[PDB]
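Asker: Sharing a structure, written as structure tokens. Questions coming.
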Amino acid sequence: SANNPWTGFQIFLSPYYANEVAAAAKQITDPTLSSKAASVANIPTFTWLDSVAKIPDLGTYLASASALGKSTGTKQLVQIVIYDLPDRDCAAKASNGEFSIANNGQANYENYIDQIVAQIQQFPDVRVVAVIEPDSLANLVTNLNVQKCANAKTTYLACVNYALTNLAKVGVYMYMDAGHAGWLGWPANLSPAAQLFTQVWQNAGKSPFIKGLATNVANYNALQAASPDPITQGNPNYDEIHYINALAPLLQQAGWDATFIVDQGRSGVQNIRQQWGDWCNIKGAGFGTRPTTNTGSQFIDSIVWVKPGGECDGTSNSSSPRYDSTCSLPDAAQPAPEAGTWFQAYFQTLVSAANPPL
């Protein structure tokens with residue numbers, strides 16, 4: 001729509017990623033590559049609120065952003081991911097999520113949202129953009145035959161609804177996670193996906209703060225591929241622009257003037273996967289197009305970096321109880337540490353293979 005949340009705003013740079021990057025860059029031995037690595041701390045990323053323990057940091061980021069804006073005469077914008085559903089990651093082998101449906105998951109998740117809202121409420125001069133619950137709704141489209149997902153459906157819908165409804169009250173601009181071209185972009189998945197997203201939008205009152213959808217989060221697809229990646233055979237929507245061009249009109253037709261954001265943080269190198277479903281620490285990935293509202297599409301508000309490159313997707317150690325065997329595949333960089341922890345060699349390659357170059 002006419003209101004692109006990023007226009008006229010300075011994005012607050014994640015202090016946590018900045019510290020990870022600074023520690024990483026000092027370990028890189030080549031001076032030029034080290035300088036390029038250090039500059040990554042100046043590229044805006046999303047901060048993942050993957051547990052209640054992250055909420056105090058959110059409060060500090062909002063207050064820091066408010067003061068930076070006043071000091072520089074700018075309006076500041078903080079980028080967050082809401083990522084703490086009960087029975088999170090229902091189609092994965094295991095999950096690190098602190099809440100379970102069986103132990104008051106709904107109420108605990110609502111309290112997590114309430115704590116986030118209570119922070120955001122205190123800093124009305126800071127804009128907030130939130131990606132809502134990566135993987136969750138996409139799993140409800142294609143993975144209902146996973147019994148954990150089938151059993152989680154009502155909780156996921158109620159929790160996502162609670163998040164949308166209550167974050168809207170503090171004016172947060174929200175993009176529901178919507179998988180990627182190889183997940184929901186298959187032509188046959190577009191209508192079931194559109195029907196689900198539209199129902200979620202309706203249940204949350206069609207708030208204008210529910211801007212649309214986020215795609216490619218934590219994935220590696222091109223926004224606009226020079227030629228189709230071989231993993232995409234059978235799907236005419238072989239990149240994110242094809243997916244979004246196909247899905248956006250279905251949402252519009254339902255009355256939702258929906259726009260999109262697209263993760264490109266690990267999309268600099270294409271044609272690095274054996275299978276489209278391979279998602280874990282894909283070897284040879286490079287940093288991709290840096291965040292910008294110059295997206296080339298009427299449907300896309302911004303290219304963004306949602307998943308922070310260098311933070312691991314999962315361990316390759318089969319003895320870990322958090323182990324997911326996708327993290328031991330051939331196209332997966334190994335050995336790899338636990339999910340979320342820093343993967344230094346992977347970061348160094350992300351820097352070295354960045355496209356455009358850093």
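In the structure tokens, chains take the letters A, B, ... in the order shown, each chain's residues start at 1, and ligands count up from 1 in the order shown.
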Counting only C-alpha atoms, what is within 8 Å of range 338-354 of chain A, bar same-chain residues fewer than 6 positions away, as a PDB file with N, CA, C and O atoms, in the first residue's frame?
Answerer:
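Below is the file around_4.pdb, written as the result:
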```
ATOM      1  N   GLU A  20      28.165 -10.361  18.032  1.00  0.00           N
ATOM      2  CA  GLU A  20      28.565 -11.620  17.404  1.00  0.00           C
ATOM      3  C   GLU A  20      29.504 -11.360  16.237  1.00  0.00           C
ATOM      4  O   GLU A  20      30.530 -12.037  16.081  1.00  0.00           O
ATOM      5  N   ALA A  24      33.440 -12.283  15.700  1.00  0.00           N
ATOM      6  CA  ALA A  24      33.777 -13.118  14.556  1.00  0.00           C
ATOM      7  C   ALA A  24      34.860 -12.477  13.700  1.00  0.00           C
ATOM      8  O   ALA A  24      35.795 -13.158  13.259  1.00  0.00           O
ATOM      9  N   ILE A  28      39.013 -13.568  11.948  1.00  0.00           N
ATOM     10  CA  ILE A  28      39.295 -13.733  10.527  1.00  0.00           C
ATOM     11  C   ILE A  28      40.660 -13.120  10.243  1.00  0.00           C
ATOM     12  O   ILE A  28      40.908 -11.954  10.566  1.00  0.00           O
ATOM     13  N   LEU A  33      39.338  -9.349   4.376  1.00  0.00           N
ATOM     14  CA  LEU A  33      38.159 -10.146   4.697  1.00  0.00           C
ATOM     15  C   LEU A  33      37.645  -9.815   6.093  1.00  0.00           C
ATOM     16  O   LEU A  33      36.431  -9.776   6.327  1.00  0.00           O
ATOM     17  N   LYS A  36      35.663  -6.591   5.806  1.00  0.00           N
ATOM     18  CA  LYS A  36      34.363  -6.891   5.217  1.00  0.00           C
ATOM     19  C   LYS A  36      33.447  -7.554   6.235  1.00  0.00           C
ATOM     20  O   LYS A  36      32.269  -7.193   6.351  1.00  0.00           O
ATOM     21  N   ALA A  37      33.975  -8.515   6.995  1.00  0.00           N
ATOM     22  CA  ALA A  37      33.173  -9.181   8.017  1.00  0.00           C
ATOM     23  C   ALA A  37      32.669  -8.182   9.048  1.00  0.00           C
ATOM     24  O   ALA A  37      31.495  -8.203   9.425  1.00  0.00           O
ATOM     25  N   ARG A 266      20.802 -15.027   3.336  1.00  0.00           N
ATOM     26  CA  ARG A 266      21.670 -16.133   2.935  1.00  0.00           C
ATOM     27  C   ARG A 266      21.399 -16.576   1.502  1.00  0.00           C
ATOM     28  O   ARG A 266      21.550 -17.756   1.175  1.00  0.00           O
ATOM     29  N   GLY A 268      22.865 -15.106  -1.360  1.00  0.00           N
ATOM     30  CA  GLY A 268      23.844 -14.613  -2.315  1.00  0.00           C
ATOM     31  C   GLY A 268      24.328 -15.658  -3.301  1.00  0.00           C
ATOM     32  O   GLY A 268      24.751 -15.317  -4.411  1.00  0.00           O
ATOM     33  N   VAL A 269      24.289 -16.932  -2.918  1.00  0.00           N
ATOM     34  CA  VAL A 269      24.770 -18.024  -3.755  1.00  0.00           C
ATOM     35  C   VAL A 269      23.618 -18.984  -4.008  1.00  0.00           C
ATOM     36  O   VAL A 269      23.043 -19.544  -3.064  1.00  0.00           O
ATOM     37  N   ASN A 281      22.105 -25.221   7.491  1.00  0.00           N
ATOM     38  CA  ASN A 281      23.499 -24.808   7.315  1.00  0.00           C
ATOM     39  C   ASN A 281      24.007 -25.117   5.911  1.00  0.00           C
ATOM     40  O   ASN A 281      25.059 -25.730   5.732  1.00  0.00           O
ATOM     41  N   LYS A 283      25.847 -25.508   2.754  1.00  0.00           N
ATOM     42  CA  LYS A 283      27.260 -25.218   2.572  1.00  0.00           C
ATOM     43  C   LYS A 283      27.477 -24.335   1.353  1.00  0.00           C
ATOM     44  O   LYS A 283      26.870 -24.540   0.298  1.00  0.00           O
ATOM     45  N   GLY A 284      28.342 -23.333   1.504  1.00  0.00           N
ATOM     46  CA  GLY A 284      28.620 -22.404   0.432  1.00  0.00           C
ATOM     47  C   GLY A 284      27.670 -21.228   0.334  1.00  0.00           C
ATOM     48  O   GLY A 284      27.790 -20.426  -0.604  1.00  0.00           O
ATOM     49  N   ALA A 285      26.726 -21.090   1.261  1.00  0.00           N
ATOM     50  CA  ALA A 285      25.840 -19.935   1.214  1.00  0.00           C
ATOM     51  C   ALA A 285      26.636 -18.646   1.370  1.00  0.00           C
ATOM     52  O   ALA A 285      27.660 -18.598   2.054  1.00  0.00           O
ATOM     53  N   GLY A 286      26.155 -17.597   0.712  1.00  0.00           N
ATOM     54  CA  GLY A 286      26.739 -16.277   0.854  1.00  0.00           C
ATOM     55  C   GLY A 286      25.689 -15.265   1.263  1.00  0.00           C
ATOM     56  O   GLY A 286      24.502 -15.430   0.987  1.00  0.00           O
ATOM     57  N   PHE A 287      26.139 -14.203   1.937  1.00  0.00           N
ATOM     58  CA  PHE A 287      25.236 -13.095   2.218  1.00  0.00           C
ATOM     59  C   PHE A 287      24.663 -12.572   0.903  1.00  0.00           C
ATOM     60  O   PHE A 287      25.372 -12.458  -0.101  1.00  0.00           O
ATOM     61  N   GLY A 288      23.373 -12.250   0.906  1.00  0.00           N
ATOM     62  CA  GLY A 288      22.688 -11.801  -0.282  1.00  0.00           C
ATOM     63  C   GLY A 288      22.432 -10.310  -0.298  1.00  0.00           C
ATOM     64  O   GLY A 288      23.075  -9.528   0.412  1.00  0.00           O
ATOM     65  N   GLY A 309      22.724 -14.430   9.529  1.00  0.00           N
ATOM     66  CA  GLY A 309      23.710 -15.359   9.016  1.00  0.00           C
ATOM     67  C   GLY A 309      24.913 -15.479   9.930  1.00  0.00           C
ATOM     68  O   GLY A 309      25.485 -14.477  10.377  1.00  0.00           O
ATOM     69  N   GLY A 310      25.321 -16.719  10.200  1.00  0.00           N
ATOM     70  CA  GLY A 310      26.345 -17.025  11.175  1.00  0.00           C
ATOM     71  C   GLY A 310      25.798 -17.715  12.408  1.00  0.00           C
ATOM     72  O   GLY A 310      26.519 -18.493  13.044  1.00  0.00           O
ATOM     73  N   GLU A 311      24.540 -17.452  12.754  1.00  0.00           N
ATOM     74  CA  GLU A 311      23.883 -18.210  13.806  1.00  0.00           C
ATOM     75  C   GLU A 311      23.417 -19.544  13.236  1.00  0.00           C
ATOM     76  O   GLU A 311      22.741 -19.591  12.202  1.00  0.00           O
ATOM     77  N   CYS A 312      23.807 -20.630  13.897  1.00  0.00           N
ATOM     78  CA  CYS A 312      23.642 -21.958  13.331  1.00  0.00           C
ATOM     79  C   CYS A 312      22.167 -22.344  13.230  1.00  0.00           C
ATOM     80  O   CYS A 312      21.330 -21.903  14.022  1.00  0.00           O
ATOM     81  N   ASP A 313      21.853 -23.191  12.242  1.00  0.00           N
ATOM     82  CA  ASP A 313      20.503 -23.728  12.079  1.00  0.00           C
ATOM     83  C   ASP A 313      20.260 -24.994  12.886  1.00  0.00           C
ATOM     84  O   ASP A 313      19.104 -25.390  13.057  1.00  0.00           O
ATOM     85  N   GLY A 314      21.311 -25.651  13.360  1.00  0.00           N
ATOM     86  CA  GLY A 314      21.161 -26.918  14.046  1.00  0.00           C
ATOM     87  C   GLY A 314      22.444 -27.716  14.030  1.00  0.00           C
ATOM     88  O   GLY A 314      23.273 -27.564  13.125  1.00  0.00           O
ATOM     89  N   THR A 315      22.605 -28.578  15.027  1.00  0.00           N
ATOM     90  CA  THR A 315      23.836 -29.329  15.188  1.00  0.00           C
ATOM     91  C   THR A 315      23.893 -30.504  14.221  1.00  0.00           C
ATOM     92  O   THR A 315      22.871 -31.084  13.845  1.00  0.00           O
ATOM     93  N   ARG A 322      18.549 -32.210  20.696  1.00  0.00           N
ATOM     94  CA  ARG A 322      18.007 -31.237  19.763  1.00  0.00           C
ATOM     95  C   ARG A 322      18.405 -31.536  18.325  1.00  0.00           C
ATOM     96  O   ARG A 322      18.122 -30.728  17.437  1.00  0.00           O
TER      97      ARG A 322
END
```
Asker: Quick one: residues within 9 Å of range 326-330 of chain A, only C-alpha atoms counted, chain neighbours fewer than 3 positions away excluded, as a PDB file with C-alpha atoms, in the first residue's frame?
Answerer:
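Listed below is the output, out23.pdb:
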```pdb
ATOM      1  CA  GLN A 274      20.667 -31.143  -3.697  1.00  0.00           C
ATOM      2  CA  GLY A 277      13.746 -29.269   1.306  1.00  0.00           C
ATOM      3  CA  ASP A 278      17.353 -29.088   2.546  1.00  0.00           C
ATOM      4  CA  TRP A 279      17.405 -26.172   4.986  1.00  0.00           C
ATOM      5  CA  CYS A 280      20.194 -26.722   7.514  1.00  0.00           C
ATOM      6  CA  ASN A 281      23.499 -24.808   7.315  1.00  0.00           C
ATOM      7  CA  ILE A 282      23.603 -25.088   3.544  1.00  0.00           C
ATOM      8  CA  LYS A 283      27.260 -25.218   2.572  1.00  0.00           C
ATOM      9  CA  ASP A 313      20.503 -23.728  12.079  1.00  0.00           C
ATOM     10  CA  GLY A 314      21.161 -26.918  14.046  1.00  0.00           C
ATOM     11  CA  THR A 315      23.836 -29.329  15.188  1.00  0.00           C
ATOM     12  CA  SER A 316      25.323 -32.065  13.043  1.00  0.00           C
ATOM     13  CA  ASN A 317      25.974 -34.139  16.190  1.00  0.00           C
ATOM     14  CA  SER A 318      23.573 -37.095  16.162  1.00  0.00           C
ATOM     15  CA  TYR A 323      19.549 -33.012  16.758  1.00  0.00           C
ATOM     16  CA  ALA A 333      28.231 -27.609   6.512  1.00  0.00           C
ATOM     17  CA  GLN A 334      29.755 -29.905   9.135  1.00  0.00           C
ATOM     18  CA  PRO A 335      30.610 -30.155  11.916  1.00  0.00           C
ATOM     19  CA  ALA A 336      27.976 -27.689  13.066  1.00  0.00           C
TER      20      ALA A 336
END
```
Asker: Among range 127-256 of chain A, which ones does DSSP place in strand (DSSP E or B), written as number ranges by chain?
Answerer: A: 127-132, 173-177, 210-215
Asker: Wanna dump the range 259-328 of chain A-range 58-79 of chain A contacts at 10 Å for me, each residue with its shortest atom pair and the distance in Å to one decimal, counting only C-alpha atoms, ordered by chain and number, as a tab-separated table?
Answerer:
```
residue	atom	partner	partner_atom	distance
A:304	CA	A:79	CA	9.7
A:305	CA	A:79	CA	9.8
A:306	CA	A:79	CA	8.6
```
Asker: Taking N, CA, C and O atoms for each residue, export the selection above as an mmCIF file, in the first residue's frame.
Answerer:
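Okay, this is what ended up in out.cif:
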```
data_model
loop_
_atom_site.group_PDB
_atom_site.id
_atom_site.type_symbol
_atom_site.label_atom_id
_atom_site.label_comp_id
_atom_site.auth_asym_id
_atom_site.auth_seq_id
_atom_site.Cartn_x
_atom_site.Cartn_y
_atom_site.Cartn_z
ATOM 1 N N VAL A 304 14.835 -7.960 3.293
ATOM 2 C CA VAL A 304 15.218 -7.906 4.697
ATOM 3 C C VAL A 304 16.206 -9.033 4.961
ATOM 4 O O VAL A 304 16.374 -9.949 4.150
ATOM 5 N N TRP A 305 16.871 -8.954 6.114
ATOM 6 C CA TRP A 305 17.697 -10.046 6.638
ATOM 7 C C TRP A 305 17.026 -10.494 7.931
ATOM 8 O O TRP A 305 17.189 -9.854 8.980
ATOM 9 N N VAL A 306 16.265 -11.586 7.860
ATOM 10 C CA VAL A 306 15.519 -12.050 9.025
ATOM 11 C C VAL A 306 16.365 -13.017 9.842
ATOM 12 O O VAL A 306 16.702 -12.734 10.996
#
```
Asker: Which residue gives the smallest distance to residue 218 in chain A among A:113, A:130, A:262, A:40, with only C-alpha atoms counted?
Answerer: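 Smallest distance to residue 218 in chain A is found for A:262.
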Asker: Any idea what the distance is between CA of residue 331 in chain A and CA of residue 182 in chain A?
Answerer: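 So the answer is 17.2 Å.
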Asker: Which neighbours of residue 244 in chain A fall inside 8 Å, counting only C-alpha atoms, when residues of the same chain fewer than 5 positions from it are skipped, and could you give them as a PyMOL selection string?
Answerer: chain A and resi 185+260+299
Asker: Next, dump the selected residues to file, keeping only N, CA, C and O atoms, as a tab-separated table (two decimals), in the first residue's frame.
Answerer:
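Dumped to result.tsv:
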```
chain	number	residue	atom	x	y	z
A	185	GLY	N	4.72	-21.87	-2.58
A	185	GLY	CA	4.67	-21.29	-3.91
A	185	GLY	C	4.32	-22.25	-5.02
A	185	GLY	O	3.98	-21.80	-6.12
A	260	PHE	N	4.58	-7.63	1.16
A	260	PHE	CA	5.48	-8.72	1.52
A	260	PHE	C	6.85	-8.19	1.89
A	260	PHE	O	7.28	-7.13	1.42
A	299	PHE	N	4.44	-5.54	-4.82
A	299	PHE	CA	3.97	-6.31	-3.70
A	299	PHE	C	4.96	-6.37	-2.55
A	299	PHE	O	4.58	-6.85	-1.48
```
Asker: If you run DSSP on the backbone here, which positions in range 112-201 of chain A get helix (DSSP H, G or I)? Please write them as number ranges by chain.
Answerer: A: 112-120, 136-142, 147-168, 187-201
Asker: May I have the selected residues written with N, CA and C atoms, as a compact mmCIF listing (two decimals), in the first residue's frame?
Answerer:
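File produced: again32.txt:
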```txt
# COMPACT_ATOMS: atom_id res chain seq x y z
N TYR A 112 3.67 -14.36 27.23
CA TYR A 112 4.82 -13.94 26.44
C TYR A 112 4.47 -12.75 25.55
N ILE A 113 3.34 -12.83 24.83
CA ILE A 113 2.89 -11.70 24.02
C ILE A 113 2.63 -10.48 24.91
N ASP A 114 1.96 -10.68 26.04
CA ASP A 114 1.64 -9.56 26.92
C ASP A 114 2.90 -8.84 27.38
N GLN A 115 3.95 -9.59 27.69
CA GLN A 115 5.19 -8.97 28.13
C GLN A 115 5.83 -8.17 27.00
N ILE A 116 5.73 -8.66 25.76
CA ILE A 116 6.26 -7.93 24.62
C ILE A 116 5.47 -6.65 24.39
N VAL A 117 4.13 -6.75 24.41
CA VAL A 117 3.27 -5.58 24.27
C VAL A 117 3.58 -4.55 25.35
N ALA A 118 3.78 -5.01 26.59
CA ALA A 118 4.04 -4.09 27.69
C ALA A 118 5.33 -3.31 27.49
N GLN A 119 6.34 -3.93 26.85
CA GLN A 119 7.54 -3.18 26.51
C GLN A 119 7.26 -2.18 25.40
N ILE A 120 6.66 -2.65 24.29
CA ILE A 120 6.44 -1.80 23.13
C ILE A 120 5.60 -0.58 23.49
N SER A 136 5.13 -21.77 11.13
CA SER A 136 3.93 -22.29 11.78
C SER A 136 2.77 -22.43 10.81
N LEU A 137 2.34 -21.33 10.18
CA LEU A 137 1.19 -21.40 9.30
C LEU A 137 1.48 -22.25 8.07
N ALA A 138 2.71 -22.18 7.55
CA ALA A 138 3.06 -23.01 6.41
C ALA A 138 2.96 -24.49 6.75
N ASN A 139 3.37 -24.87 7.97
CA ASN A 139 3.19 -26.25 8.42
C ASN A 139 1.71 -26.64 8.46
N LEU A 140 0.83 -25.70 8.79
CA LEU A 140 -0.59 -26.01 8.81
C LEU A 140 -1.17 -26.17 7.41
N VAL A 141 -0.49 -25.66 6.38
CA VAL A 141 -0.95 -25.89 5.02
C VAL A 141 -0.54 -27.27 4.54
N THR A 142 0.75 -27.60 4.62
CA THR A 142 1.27 -28.79 3.95
C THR A 142 1.59 -29.95 4.88
N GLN A 147 1.33 -35.67 12.88
CA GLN A 147 0.36 -35.67 13.97
C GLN A 147 0.62 -34.54 14.97
N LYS A 148 1.88 -34.19 15.21
CA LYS A 148 2.17 -33.07 16.10
C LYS A 148 1.61 -31.76 15.53
N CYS A 149 1.66 -31.59 14.21
CA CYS A 149 1.08 -30.39 13.60
C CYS A 149 -0.45 -30.42 13.65
N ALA A 150 -1.04 -31.57 13.29
CA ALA A 150 -2.49 -31.68 13.38
C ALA A 150 -2.97 -31.37 14.78
N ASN A 151 -2.27 -31.90 15.79
CA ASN A 151 -2.68 -31.68 17.17
C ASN A 151 -2.41 -30.26 17.63
N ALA A 152 -1.50 -29.55 16.97
CA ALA A 152 -1.15 -28.18 17.33
C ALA A 152 -1.99 -27.13 16.62
N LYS A 153 -2.78 -27.53 15.61
CA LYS A 153 -3.42 -26.55 14.74
C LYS A 153 -4.25 -25.53 15.51
N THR A 154 -5.15 -25.99 16.39
CA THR A 154 -6.00 -25.01 17.07
C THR A 154 -5.18 -24.09 17.96
N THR A 155 -4.13 -24.61 18.61
CA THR A 155 -3.27 -23.78 19.45
C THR A 155 -2.50 -22.77 18.62
N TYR A 156 -1.90 -23.22 17.52
CA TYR A 156 -1.19 -22.30 16.63
C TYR A 156 -2.11 -21.17 16.18
N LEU A 157 -3.31 -21.50 15.72
CA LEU A 157 -4.21 -20.47 15.23
C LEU A 157 -4.60 -19.51 16.35
N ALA A 158 -4.88 -20.04 17.55
CA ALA A 158 -5.27 -19.18 18.66
C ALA A 158 -4.11 -18.28 19.08
N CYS A 159 -2.90 -18.83 19.12
CA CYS A 159 -1.75 -18.05 19.54
C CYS A 159 -1.38 -16.99 18.52
N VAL A 160 -1.34 -17.35 17.23
CA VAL A 160 -1.08 -16.35 16.20
C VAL A 160 -2.15 -15.27 16.24
N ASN A 161 -3.41 -15.66 16.42
CA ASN A 161 -4.47 -14.66 16.52
C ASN A 161 -4.24 -13.73 17.70
N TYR A 162 -3.84 -14.28 18.85
CA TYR A 162 -3.60 -13.46 20.03
C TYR A 162 -2.47 -12.48 19.78
N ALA A 163 -1.40 -12.94 19.13
CA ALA A 163 -0.27 -12.08 18.82
C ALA A 163 -0.69 -10.95 17.88
N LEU A 164 -1.39 -11.28 16.79
CA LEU A 164 -1.82 -10.25 15.85
C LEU A 164 -2.73 -9.24 16.53
N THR A 165 -3.72 -9.74 17.28
CA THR A 165 -4.72 -8.87 17.88
C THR A 165 -4.07 -7.92 18.88
N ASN A 166 -3.14 -8.42 19.68
CA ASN A 166 -2.59 -7.60 20.75
C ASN A 166 -1.42 -6.74 20.31
N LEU A 167 -0.58 -7.22 19.39
CA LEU A 167 0.46 -6.35 18.87
C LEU A 167 -0.13 -5.21 18.04
N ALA A 168 -1.29 -5.43 17.42
CA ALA A 168 -1.94 -4.35 16.68
C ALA A 168 -2.32 -3.20 17.60
N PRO A 187 2.10 -23.99 -7.38
CA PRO A 187 0.76 -23.51 -7.76
C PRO A 187 -0.37 -24.17 -6.99
N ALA A 188 -0.29 -25.47 -6.75
CA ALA A 188 -1.36 -26.18 -6.05
C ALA A 188 -1.46 -25.79 -4.58
N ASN A 189 -0.41 -25.23 -3.98
CA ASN A 189 -0.46 -24.83 -2.59
C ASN A 189 -0.92 -23.39 -2.40
N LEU A 190 -1.00 -22.60 -3.48
CA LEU A 190 -1.27 -21.18 -3.35
C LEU A 190 -2.65 -20.91 -2.76
N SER A 191 -3.68 -21.56 -3.31
CA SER A 191 -5.03 -21.31 -2.82
C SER A 191 -5.24 -21.81 -1.40
N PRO A 192 -4.84 -23.03 -1.03
CA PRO A 192 -4.95 -23.40 0.39
C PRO A 192 -4.21 -22.44 1.31
N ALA A 193 -3.04 -21.96 0.89
CA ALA A 193 -2.32 -20.99 1.71
C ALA A 193 -3.08 -19.68 1.82
N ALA A 194 -3.55 -19.15 0.68
CA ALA A 194 -4.30 -17.90 0.71
C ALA A 194 -5.52 -18.01 1.60
N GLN A 195 -6.22 -19.14 1.53
CA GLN A 195 -7.40 -19.31 2.36
C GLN A 195 -7.05 -19.26 3.85
N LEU A 196 -5.95 -19.91 4.24
CA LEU A 196 -5.54 -19.89 5.64
C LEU A 196 -5.13 -18.50 6.08
N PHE A 197 -4.26 -17.84 5.30
CA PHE A 197 -3.80 -16.51 5.69
C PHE A 197 -4.96 -15.53 5.80
N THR A 198 -5.91 -15.60 4.86
CA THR A 198 -7.05 -14.70 4.90
C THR A 198 -7.93 -14.96 6.12
N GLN A 199 -8.12 -16.24 6.48
CA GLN A 199 -8.89 -16.54 7.69
C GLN A 199 -8.20 -15.98 8.93
N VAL A 200 -6.88 -16.09 9.00
CA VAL A 200 -6.13 -15.54 10.13
C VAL A 200 -6.28 -14.02 10.18
N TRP A 201 -6.16 -13.37 9.02
CA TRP A 201 -6.33 -11.92 8.94
C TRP A 201 -7.73 -11.52 9.40
```
Asker: Considering only C-alpha atoms, state which residue in the set A:291, A:337, A:5, A:321 is at the smallest distance from residue 171 in chain A.
Answerer: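 Closest candidate: A:5.
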Asker: So how far away is CA of residue 290 in chain A from CA of residue 265 in chain A, in Å?
Answerer: 7.3 Å
Asker: Just give me the gap between CA of residue 13 in chain A and CA of residue 174 in chain A in Å, one decimal is fine.
Answerer: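 Value for the CA of residue 13 in chain A-CA of residue 174 in chain A distance: 18.8 Å.
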Asker: Go through A:1, A:123, A:134, A:242 and flag the residue nearest residue 256 in chain A, using only C-alpha atoms for the distances.
Answerer: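 Of A:1, A:123, A:134, A:242, the one nearest residue 256 in chain A is A:1, counting only C-alpha atoms.
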Asker: Out of A:106, A:298, A:259, A:320, which residue has the shortest atom-to-atom distance to residue 209 in chain A when counting only C-alpha atoms?
Answerer: A:259
Asker: For each of A:82, A:204, A:146, A:18, take the minimum atom-to-atom distance to residue 49 in chain A, counting only C-alpha atoms, then give the residue where this is smallest.
Answerer: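 Of A:82, A:204, A:146, A:18, the one nearest residue 49 in chain A, counting only C-alpha atoms, is A:82.
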Asker: Pick out the residues sitting within 6 Å of residue 175 in chain A, and hand them over as a PyMOL selection string; count only C-alpha atoms, and ignore anything fewer than 4 positions along from it in its own chain.
Answerer: chain A and resi 131+211-214
